[PDB]
């Protein structure tokens, strides 16, 4: 674990996240668990201007290194890490389809077998609270108790995994599931779903 290799990967994740079309508009933030705190993207610097030197470190007490301002949404990354001790990377964005489903304040049900990737038969939707607020942190910490990803009402998506690319994958996969959901929901409501049992089998094979 070297501070700079981790910093390079974070910028690469931010770039790749723009490449898949998850980033752009409000823009997300990425972080990796590090030492006692975490390394997180800074607030207000477009991925283009980013460099290893812009990545900020927040320790265990929420104290960030002097002269650097972490993401304005840094509080819930810590809630992510505290809630899922197995997570080493948190990716947060305001991707279009995820955000739209959270505007309807709905969980995404087992419409496709890959939903097992988040750890169960659903992608939850955490209740609304002002961004960067402590109450929002509880909402998300509670949602990630049993799921690796959650939607944030009238907000976006937050997904975590053991490393950055698996976290990016998950986040990207949740956009896909969100889009399949919106698309079929506009034709039939409720949308057909796989039973909990089939999901159990898939979870088994995963």
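Take the two forms, superpose them, and find the largest set of C-alpha atoms that agree within 1.5 Å; that set is the rigid core. Positions refer to the first chain, counted from 1.
A fit on the rigid core, followed by a root mean square over CA positions in 4 other deposited structures of this protein, ranks 157-165 against 22-30 and picks 22-30 as the more shifted one.
Relative to one another, 136-144 and 55-63 have unequal mean CA B-factors, and 55-63 is the one with the higher figure. Stretch comparison (26-34 versus 150-158) by mean CA B-factor in the PDB entry places 26-34 on top. In this PDB entry, residue 170 carries a Cα temperature factor that places it within the lowest third of its chain's modelled residues. The PDB entry assigns residue 164 a C-alpha temperature factor belonging to the middle third of its chain's modelled residues. In this PDB entry, residue 178 carries a Cα temperature factor that places it within the lowest third of its chain's modelled residues. For residue 184, the recorded CA B-factor ranks within the lowest third of the chain. Only modelled residues enter the ranking.
Ranked within its chain, residue 6 lands in the highest third, by CA B factor from the PDB record.
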